[PDB]
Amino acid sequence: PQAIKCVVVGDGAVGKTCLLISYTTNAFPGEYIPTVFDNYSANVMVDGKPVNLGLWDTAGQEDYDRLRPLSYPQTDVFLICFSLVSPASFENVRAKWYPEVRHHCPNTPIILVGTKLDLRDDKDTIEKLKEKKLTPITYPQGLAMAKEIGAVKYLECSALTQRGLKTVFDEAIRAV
């Protein structure tokens, strides 16, 4: 069984922990657990091959910028995440995450992941964003960003409904 180390980064509250817990436990977290540093694991079968997937959960706040790189050594694949209903978190993929990952790991494959997919069709969420003169990020925008930063894949998912969730990690694994 191949051991694959996958590190997840992105702005605070984009859904990194929910995405990882929903995948590893098959259930959306029952409550919010702040993340400073953590790691989970899962034994999965991809293309008929057993894999021991090591998942690294990080803190998106800048106050922990000096801590995040401690999770990077020997990383096999990176998941850079942004919330599809937070244009600001999307802009940070370009302004912060892509640069940080590349600065530390210039040759590691990156999967760009749009999170909270279910909210893009959520009436109340759409309404609240409009009051702020904002709109959810569209699939095309995300795809273009993925190409801009050289991501091997652009994937969207919902940790809540689990739509597109399994594919995120199958592809992360297939990228190694």
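In case it trips you up, residue 1 is the first one in the sequence shown, and so on.
Colleague: Can you let me know which of the two, 110-118 or 145-153, has the higher average C-alpha B-factor in the entry?
Modeller: Higher of the two, by average CA B-factor, is 145-153.
Colleague: Between 124-132 and 30-38, name whichever shows the higher mean Cα B factor according to the PDB entry.
Modeller: Taking the mean C-alpha B-factor of 124-132 and of 30-38, the larger value falls to 124-132.
Colleague: If you compare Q61, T58, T138, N43, which has the highest Cα B-factor in the entry?
Modeller: It is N43.
Colleague: Report the third (lowest, middle or highest) to which the CA temperature factor of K16 belongs, ranking only the modelled residues of the same chain.
Modeller: Lowest third, going by the recorded CA B-factors of the chain.
Colleague: For the chain shown, is the CA B-factor of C105 in the lowest, middle or highest third of its modelled residues?
Modeller: Within its chain, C105 is a highest-third residue by C-alpha B-factor, going by the deposited values.
Colleague: Sort the modelled residues of this chain by their C-alpha B factor and say whether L70 lands in the lowest, middle or highest third.
Modeller: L70: CA B-factor falls in the middle third of its chain.
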